[PDB]
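Trainee: Structure in structure tokens, see below.
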Amino acid sequence: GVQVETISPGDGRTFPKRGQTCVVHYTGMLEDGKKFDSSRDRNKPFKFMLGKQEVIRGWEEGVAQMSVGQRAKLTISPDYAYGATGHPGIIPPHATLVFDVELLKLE
Amino acid sequence: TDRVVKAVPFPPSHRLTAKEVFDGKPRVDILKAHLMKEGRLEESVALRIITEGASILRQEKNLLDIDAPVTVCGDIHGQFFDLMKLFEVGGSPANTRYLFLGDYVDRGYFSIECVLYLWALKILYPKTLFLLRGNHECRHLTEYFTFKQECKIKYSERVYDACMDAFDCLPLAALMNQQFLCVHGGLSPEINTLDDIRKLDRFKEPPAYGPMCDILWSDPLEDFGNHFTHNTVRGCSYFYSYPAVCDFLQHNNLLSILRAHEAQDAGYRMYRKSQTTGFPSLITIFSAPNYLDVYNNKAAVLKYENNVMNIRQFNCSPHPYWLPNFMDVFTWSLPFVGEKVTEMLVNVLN
Amino acid sequence: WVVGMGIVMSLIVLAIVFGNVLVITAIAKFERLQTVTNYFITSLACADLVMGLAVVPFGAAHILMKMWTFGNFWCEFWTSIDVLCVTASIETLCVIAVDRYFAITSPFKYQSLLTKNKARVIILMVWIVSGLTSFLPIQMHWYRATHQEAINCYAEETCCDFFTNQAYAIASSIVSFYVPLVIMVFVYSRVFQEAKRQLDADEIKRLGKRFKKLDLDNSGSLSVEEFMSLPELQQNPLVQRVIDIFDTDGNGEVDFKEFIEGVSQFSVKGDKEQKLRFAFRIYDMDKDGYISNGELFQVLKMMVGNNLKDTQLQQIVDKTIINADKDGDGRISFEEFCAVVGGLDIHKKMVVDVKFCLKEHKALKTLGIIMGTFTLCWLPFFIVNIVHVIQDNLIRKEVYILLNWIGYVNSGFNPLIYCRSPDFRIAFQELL
Ligand SMILES: C=CC[C@@H]1/C=C(\C)C[C@H](C)C[C@H](OC)[C@H]2O[C@@](O)(C(=O)C(=O)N3CCCC[C@H]3C(=O)O[C@H](/C(C)=C/[C@@H]3CC[C@@H](O)[C@H](OC)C3)[C@H](C)[C@@H](O)CC1=O)[C@H](C)C[C@@H]2OC
Ligand SMILES: CC(C)NC[C@H](O)COc1cccc2[nH]c3ccccc3c12
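Protein chains in written order, with the authors' numbering: chain C, 1 to 107; chain B, 13 to 35, 38 to 240, 246 to 369; chain A, 32 to 463.
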């Protein structure tokens with residue numbers, strides 16, 4: 001499952017599309033708050049395009065529920081997370097993910 | 013080829029086999047200029063430096079005695095280059111004395127380098143620099159955080175064990191000028207007078223609760239203006260109120276207490292002014308600019324000279340890049356190699 | 032004249048020694064070639080080098096000087112060494128043939144039951160059998176003849192003309208070059224009559240239909256544009272690289288000879304080593320066997336795009352390479368790669384449904400050429416020897432010696448054939 005809990009809303013006149021590319025600054029975490037990665041450690045935003053399966057499905061079906069210029073929280077369940085195997089290095093097996101993504105730009 | 017972009021300096025690939033870093039009193043300037051280029055040291059040399067630091071720190075009293083003209087600095091949390099900028103800002107250790115308070119290891123990718131440099135300069139300078147124990151020098155927290163992986167990737171786990179057995183002996187009270195008391199965390203209701211922090215056993219891992227587990231984990235009230248009330252932020256120690264600190268200062272003749280937990284945008288904070296004397300009773304100092312690369316906080320460093328308290332601000336400095344959890348790019352990119360190759364081939368075949 | 036003949040002999044022996052030394056060195060330390068067949072090949076190579084060093088200069092001197100004044104007991108040593116070299120070059124080829132026959136019927140069984148220990152055991156066993164059959168018959172003097180010239184040459188220290196007894200000649204010919212020859216021919220014929228059936232398993236036919244459907248120009252080749260004709264594949268970052276591993280001979284396109292050989296690398300029947308080697312070969316931008324800083328930087332730069340600063344990517348690459356250098360060269364080999372990666376369980380992620388394994392059909396052609404050339408060159412000597420031993424006694428006193436030198440050139444030919452294999456080329460270029 002994916003849950004979106006808005007902290008700061010943005011303008012609702014624009015929404016991301018499937019063919020659009022979103023540029024965001026994100027600070028991922030885990031279930032217990034142990035931060036694992038961020039997009040502010042490096043001074044460069046992270047870009048990804050919907051439709052194709054390069055991000056986990058949780059991101060794909062959660063960011064679509066957001067709006068432009070809205071900073072929110074996500075709690076990605078293990079179902080839509082890296083699965084039973086888990087990404088080697090960071091994410092352990094059966095690990096609920098917590099994210100703090102903030103959309104910045106479209107295309 | 014050999015190097016696609018040549019602007020980035022190449023990290024030196026040779027470790028130092030105690031030939032140059034020791035003259038025994040060690041050499042500081044070459045150690046600084048070697049570790050500032052992401053160099054490295056041999057395992058035996060690092061173990062020797064840490065062991066000598068532990069040996070020279072074990073003889074230290076629980077409550078240090080420090081004279082008047084001093085410089086006080088907050089926690090670091092592994093930022094090596096910010097530490098070097100701090101040394102540059104505060105002057106050479108030869109002409110001034112320091113009082114380091116906070117933790118040195120967790121939440122940073124240059125922790126082993128920072129602890130090595132600090133303890134080497136401690137070996138060279140034994141009376142003009144005093145280190146204090148923090149809240150992040152335990153087995154539990156460091157195993158939880160990214161210090162164990164630092165030691166494993168850079169050195170062997172024996173370095174980790176030696177560094178922990180060396181943290182085991184740090185002092186924790188550090189009285190200053192018999193007028194100011196400097197503890198890393200805060201007061202505890204269990205501790206009544208200064209003698210209580212003059213006799214307790216400090217050579218052990220902190221327990222679940224007690225005097226030493228509360229001195230490093232306590233925290234002043236965060237919403238003043240709304246004694247032993249429990250902590251929700253940490254969950255392991257208590258608060259203390261303005262009447263509590265007032266009673267402690269009245270029982271034992273002092274003026275103020277200093278601490279280095281609360282990361283602050285301003286870098287320094289003076290809590291409620293003492294109406295009896297006019298000077299603030301609790302001081303919070305943070306000396307790690309750009310904490311976690313997201314806080315964007317200007318650090319602060321205090322100086323006490325000629326019976327004058329003053330605060331100097333502190334800026335940031337660039338540092339190199341590391342991958343989270345120290346992945347090597349093969350482990351970083353291989354799951355995105357296999358998936359893409361298999362996707363293309365399944366697409367072509369069917 | 033004598034100068035020309037001496038020059039020819041010197042060039043022949045020098046070329047034999049140089050080629051065989053190169054072949055032996057290529058499998059000595061650069062041990063990417065770690066196949067039991069390669070151990071049999073290096074046994075054959077050291078055997079023919081021994082033959083060269085022992086007999087070729089001595090035979091050349093005997094021919095040129097018109098007299099062999101080295102000694103008398105050295106005559107028996109020389110003849111026995113020659114016999115040993117020929118017999119040990121036969122039976123090793125027969126062993127290779129039977130090995131390759133059992134390595135096609137049951138690939139997993141062959142790779143499980145047979146290891147280096149059995150390889151060395153059977154190599155030593157065949158060498159001992161050949162040594163017995165070469166030493167013992169000569170030393171018991173069964174080659175004695177009733178001819179007066181033979182008796183005179185036996186009690187003489189200069190002639191050393193190999194005179195053969197009829198029974199001994201027949202026995203030697205039937206136990207050294209007639210039984211193992213028919214056995215190797217029969218076994219390799221069976222291999223080519225069951226290794227041409229596995230390519231008719233109704234699966235490779237389906238992949239052939241797919242290959243015909245995919246190709247547009249109907250020229251029998253697959254280019255980069257034709258792989259990029261698929262609309263759902265134009266956005267794969269590392270698509271060019273997989274084509275470059277497929278494209279083995281560098282012609283610029285993929286053909287059905289290498290299409291199905293490379294796709295079979297991603298099969299359930301395959302092992303960890305093949306898929307891990309493919310993962311390695313993704314990085315090599317020159318196929319030379321080493322990953323430099325530029326290669327490992329550009330491979331990651333085509334993937335990460337512009338999500339990291341150039342300086343940051345270069346720095347993490349530098350740290351990775353320094354943490355990977357176990358010798359100080361500045362590049363990562365496949366052993367250093369397997370020290371770094373392995374345990375991530377990547378062999379379980381590169382999986383395809385295909386059920387055909389063709390990882391042993393790669394060395395049949397060179398081995399077949401070796402067997403065919405060797406038999407073709409060394410047969411005339413034995414057939415003319417058989418003609419001579421019969422009472423026919425045709426006038427062939429000169430060509431009977433020229434066929435021996437033909438056999439020597441044949442024994443030297445092997446590295447020339449082995450140089451054709453692409454994997455042996457880059458190993459040779461390491462020394463050059
Ligand atoms: C060098 C090329 C490799 C390529 C590297 C980059 C593009 C650089 C880019 C900044 C990635 C970061 O590198 C610092 C880093 O981002 C994380 O920290 C992270 O916060 C994370 O979880 N993100 C990133 C933000 C989108 C969601 C999620 C993700 O889906 O990321 C994707 C992801 C991991 C795909 C998995 C792969 C494994 C499959 O099993 C799984 O299938 C379900 C899908 C991204 C798009 C991949 O392209 C990552 C790569 O491997 C990962 C914890 C690990 C990841 O580095 C690996
Ligand atoms: C004239 C001699 C010195 N030349 C021998 C040839 O090298 C190859 O001859 C043989 C190789 C292997 C087995 C053999 N058995 C024989 C029996 C009689 C003659 C030659 C051979 C022979």
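For each residue, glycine too, the CB sits at the ideal point set by N, CA and C.
Considering only the alpha carbon of each residue, which of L184(B), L321(B), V20(B), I64(B) lies closest to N76(B)?
Mentor: Position 62 of the second sequence, counted from the first residue, corresponds to residue 76(B). Here the closest residue by C-alpha is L184(B).
Trainee: In chain order, what residues of the same chain lie with their CB nearer than 6 angstroms to the CB of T85(B), ignoring the 5 residues before and after it?
Mentor: By 1-based counting over the second sequence, the position of residue 85(B) is 71. So the list reads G104, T110, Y112, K322, once near-sequence residues are dropped.
Trainee: Report the partner residues of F48(C) according to the DSSP bridge assignment.
Mentor: Locating residue 48(C) in the first sequence gives position 48, where the first residue counts as 1. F48(C) is bridged to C22(C).
Trainee: In chain order, what residues of the same chain lie with their CB nearer than 8 angstroms to the CB of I7(C), ignoring the 5 residues before and after it?
Mentor: Here residue 7(C) is taken as the residue at index 7 of the first sequence, counted from 1. If we look at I7(C) and ignore the five residues flanking it on each side, its Cβ neighbours are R71, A72, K73.
Trainee: Does the separation of the CB atoms of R13(C) and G51(C) fall below 8 angstroms?
Mentor: Counting from one through the first sequence, the residue named residue 13(C) turns up at place 13. Counting from one through the first sequence, the residue named residue 51(C) turns up at place 51. For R13(C) and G51(C), no; Cβs fall outside 8 angstroms.
Trainee: Name, going along the chain, the residues of the stretch 40-64 of chain C whose beta-carbon falls closer than 8 angstroms to a beta-carbon of chain A.
Mentor: Within the stretch 40-64 of chain C, the residues whose Cβ lies closer than 8 angstroms to some Cβ of chain A are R42, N43, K44, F46, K47, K52, listed in chain order.
Trainee: So, does the stretch 369-380 of chain A touch the stretch 343-350 of chain B, judging by three or more C-beta pairs under 8 angstroms?
Mentor: Yes, the stretch 369-380 of chain A touches the stretch 343-350 of chain B.
Trainee: Run through chain C and tell me which residues come within less than 7 angstroms of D96(B), C-beta to C-beta.
Mentor: Along the second sequence, one-based indexing puts residue 96(B) at 82. Correct list: empty, because the minimum Cβ distance to chain C is about 15 angstroms.
Trainee: Looking at C-alpha atoms only, which residue of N366(B), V365(B), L311(B) is the closest neighbour of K35(C)?
Mentor: The residue given as residue 35(C) occupies position 35 in the first sequence. That would be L311(B), whose Cα lies nearest to the Cα of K35(C).
Trainee: Return helix, strand or coil for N445(A), following the three-state DSSP convention.
Mentor: Your numbering for residue 445(A) matches position 414 in the third sequence. Here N445(A) sits in helix by DSSP.
Trainee: Could you check whether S306(B) and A318(B) sit closer than 8 angstroms to each other, using their CB atoms as the reference points?
Mentor: Translated into the one-based positions of the second sequence, residue 318(B) becomes position 299. Translated into the one-based positions of the second sequence, residue 306(B) becomes position 287. Contact: yes.
Trainee: Using a threshold of 7 angstroms, is the CB atom of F444(A) nearer than that to any non-hydrogen atom of ligand 2?
Mentor: For the purposes of this step, residue 444(A) is taken as residue 413 along the third sequence, with counting starting at 1. Not so, every heavy atom of ligand 2 lies at least 7 angstroms from the Cβ.
Trainee: Do you know how far the Cα of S125(B) is from the Cα of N329(B)?
Mentor: Here residue 329(B) is taken as the residue at index 310 of the second sequence, counted from 1. Here residue 125(B) is taken as the residue at index 111 of the second sequence, counted from 1. Answer to the nearest angstrom: the Cα atoms are 29 angstroms apart.
Trainee: Smallest Cα separation from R121(B): which of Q65(C), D41(C), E31(C)?
Mentor: Against the second sequence, residue 121(B) aligns to sequence position 107. The option with the nearest alpha carbon to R121(B) is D41(C).
Trainee: In angstroms with no decimal places, state the Cα-to-Cα distance between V252(B) and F48(C).
Mentor: For the purposes of this step, residue 252(B) is taken as the residue at position 233 of the second sequence. For the purposes of this step, residue 48(C) is taken as the residue at position 48 of the first sequence. Their Cα atoms are separated by approximately 35 angstroms.
Trainee: Please name the residue in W173(A), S207(A), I347(A) whose C-alpha comes closest to that of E52(B).
Mentor: If you number the second sequence from 1, residue 52(B) lands on position 38. Among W173(A), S207(A), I347(A), the Cα nearest to that of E52(B) is on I347(A).
Trainee: At a cut of 8 angstroms, does the stretch 91-106 of chain A reach the stretch 178-191 of chain A through at least three beta carbon pairs?
Mentor: As far as the Cβ criterion goes, the stretch 91-106 of chain A touches the stretch 178-191 of chain A, which means the pair count is three or higher.
Trainee: For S25(B) versus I353(A), is the C-beta spacing smaller than 8 angstroms?
Mentor: Against the second sequence, residue 25(B) aligns to sequence position 13. Against the third sequence, residue 353(A) aligns to sequence position 322. Yes. Within cutoff.
Trainee: Taking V48(A) as the reference, which of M40(A), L80(A), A57(A) has the closest Cα?
Mentor: The residue labelled residue 48(A) in the question sits at position 17 within the third sequence. Comparing Cα-Cα distances from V48(A) to each of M40(A), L80(A), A57(A), the minimum goes to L80(A).
Trainee: CB-CB under 6 angstroms to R147(B), same chain, minus the five flanking residues each way: which ones, in chain order?
Mentor: In the second sequence, the residue the question calls residue 147(B) occupies position 133. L184, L186.
Trainee: For the 8 angstroms Cβ check, are there 3 or more pairs between the stretch 246-265 of chain A and the stretch 156-175 of chain A?
Mentor: Judged by Cβ distances under 8 angstroms, the stretch 246-265 of chain A makes no contact with the stretch 156-175 of chain A, as fewer than three pairs qualify.
Trainee: With H, G and I counted as helix, E and B as strand and the rest as coil, what does DSSP make of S8(C)?
Mentor: Residue mapping note: residue 8(C) aligns to position 8 of the first sequence, counting from 1. Reduced to three states, the DSSP call for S8(C) is strand.
Trainee: Between the beta-carbon of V270(A) and the beta-carbon of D278(A), is there less than 8 angstroms?
Mentor: Taking the first residue of the third sequence as 1, we reach residue 270(A) at position 239. Taking the first residue of the third sequence as 1, we reach residue 278(A) at position 247. It is not a contact, given that the beta carbons lie outside the stated cut-off.
Trainee: CB of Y158(B) to nearest heavy atom of ligand 1: below 7 angstroms?
Mentor: Your numbering for residue 158(B) matches position 144 in the second sequence. No, the beta carbon of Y158(B) sits no closer than 7 angstroms to any heavy atom of ligand 1.
Trainee: For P220(B), is the classification buried or exposed, using 16 other Cβ atoms within 10 angstroms of its Cβ as the cut-off for buried?
Mentor: The residue given as residue 220(B) occupies position 206 in the second sequence. Buried, since its Cβ has 16 or more Cβ neighbours within 10 Å.
Trainee: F208(A) and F413(A) look like a contact to me (Cβ under 8 angstroms); what is the Cβ gap, rounded to whole Å?
Mentor: Counted from its first residue, the third sequence places residue 208(A) at position 177. Counted from its first residue, the third sequence places residue 413(A) at position 382. Confirmed, Cβ separation roughly 5 angstroms.
Trainee: Would you report the Cα separation of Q266(A) and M334(A), rounded to the nearest angstrom?
Mentor: Locating residue 266(A) in the third sequence gives position 235, counting from the first residue. Locating residue 334(A) in the third sequence gives position 303, counting from the first residue. Their backbone Cα atoms lie some 11 angstroms apart in a straight line.
Trainee: How about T123(A): is its Cβ closer than 7 angstroms to a heavy atom in ligand 2?
Mentor: Residue numbering aside, residue 123(A) sits at position 92 when the third sequence is read from its first letter. It does not: the Cβ of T123(A) is nowhere closer than 7 angstroms to a heavy atom of ligand 2.
Trainee: Measuring only from the beta carbon, is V44(A) closer than 7 angstroms to any heavy atom that is part of ligand 2?
Mentor: Along the third sequence, one-based indexing puts residue 44(A) at 13. Because no heavy atom of ligand 2 lies under 7 angstroms away, the Cβ of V44(A) does not count as near it: no.
Trainee: Return no unless some Cβ of chain B is closer than 8 angstroms to the Cβ of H87(C).
Mentor: In the first sequence, residue 87(C) corresponds to position 87, counting from 1. Cβ-Cβ to chain B under 8 angstroms: yes for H87(C).
Trainee: Look up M98(A) in the DSSP assignment and say whether it is helix, strand or coil.
Mentor: Along the third sequence, read from residue 1 onward, the residue named residue 98(A) stands at position 67. Here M98(A) sits in coil by DSSP.
Trainee: Contact check, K357(A) vs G301(A) under 8 angstroms by CB: the rounded distance?
Mentor: On the third sequence, position 326 is the one that residue 357(A) refers to. On the third sequence, position 270 is the one that residue 301(A) refers to. Actually they do not touch by this definition, with Cβ atoms about 28 angstroms apart.
Trainee: Answer with buried or exposed for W341(B), where buried requires no fewer than 16 other C-beta atoms within 10 angstroms of its C-beta.
Mentor: As a position in the second sequence, residue 341(B) is number 322, starting the count at 1. It is buried - the Cβ of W341(B) has at least 16 other Cβ atoms within 10 Å.
Trainee: Exposed or buried, what is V87(A) when buried is set at 16 or more other beta-carbons lying within 10 Å of its beta-carbon?
Mentor: Residue numbering aside, residue 87(A) sits at position 56 when the third sequence is read from its first letter. By the 10 Å Cβ count, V87(A) comes out buried.
Trainee: Just tell me which of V2(C), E102(C), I56(C) has its CA closest to the CA of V68(C).
Mentor: Start at 1 with the first residue of the first sequence, and residue 68(C) comes out as number 68. Cα-wise, what sits closest to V68(C) is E102(C).
Trainee: Give me, in chain order, the residues of the same chain whose beta-carbon lies closer than 7 angstroms to that of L138(B); leave out the 5 immediate sequence neighbours on both sides.
Mentor: Stepping through the second sequence from its first residue, residue 138(B) is reached at position 124. Closer than 7 angstroms at Cβ, skipping near neighbours: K39, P40, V42.
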